[PDB]
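Topology and contacts: notes
Read off the chains here:
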Amino acid sequence: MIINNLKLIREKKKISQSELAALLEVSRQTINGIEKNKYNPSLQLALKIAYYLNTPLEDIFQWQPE
């Protein structure tokens, strides 16, 4: 609803996991599977993807820890 998640930000810019997921330097499917109910990329990890994601780590690391 309110930012909440990487996907939630991501959908807004229409970028799919397949786009972003390669960059994190983790198995792409695994994050795709893991974002599928396990967890988001670690914030430092997210930064790597965030950099290419048109979305700063700060963009997802909003003062809304929810």
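Reading the values: the criteria
- Residues numbered from 1 in each chain as written, not as in the entry; some residues may be left out.
- Heavy atoms only, no water.
- Helix = DSSP H or I, 4+ residues; strand = E, 2+ residues; numbered from the N terminus.
- Rg over C-alpha atoms; globule rule 2.2 N^0.38 Å.
- Buried < 20%, exposed > 50% of the residue type's maximum accessible area, 1.4 Å probe, protein only.
- Contact = heavy atoms within 4.5 Å.
- Areas by Shrake-Rupley, 256 points an atom, 1.4 Å probe, with all protein chains shown as cover.
- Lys, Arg positive; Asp, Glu negative; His and termini not counted.
- Charge placed at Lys NZ, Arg CZ, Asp CG, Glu CD.
- Arc of directions from axis to C-beta.

Regarding how it was determined, this PDB entry cites solution NMR in its header.

Tallying secondary structure elements over the protein chain gives 5 helices and 0 strands in all. For the protein chain, the α and β elements follow one another from N to C terminus as α-α-α-α-α. Relative to its length of 66 residues, the protein chain is compact, with a C-alpha radius of gyration of 11 Å against a globular reference of 11 Å. The principal-axis extents of the C-alpha atoms in the protein chain amount to approximately 30 × 25 × 20 Å. The buried share of the protein chain, taken over its 66 residues, is 27%. Across the protein chain, every contact between residues at least 6 apart in sequence was considered, and the portion connecting residues at least 24 apart equals 54%. As presented, the protein chain carries roughly 4,800 Å² of accessible surface, and 56% of it is formed by carbon and sulfur atoms. Considering the protein chain, the positive charge centre built from 9 side chains and the negative charge centre built from 7 side chains are found 6 Å apart.

To continue, consider helix α4 (residues 43-52). Among the residues of α4, those classed as buried are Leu45, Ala46, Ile49 and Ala50. The buried side chains of α4 occupy one side of the element, clustering within an arc of 135 degrees when seen end-on. In α4, the exposed residues that point more than 90 degrees away from the buried face are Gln44 and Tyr51. Buried residues along α4 sit against α1 (6-12), α2 (17-21) and α5 (57-60).

This part takes up the environment of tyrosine 52. With respect to the element layout, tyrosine 52 can be found in helix α4. Residue classification places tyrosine 52 among the partly exposed residues on the basis of a relative accessible area of 49%. Put simply, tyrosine 52 and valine 26 are 26 residues apart on the chain and 15 Å apart in space, counted from C-alpha to C-alpha.

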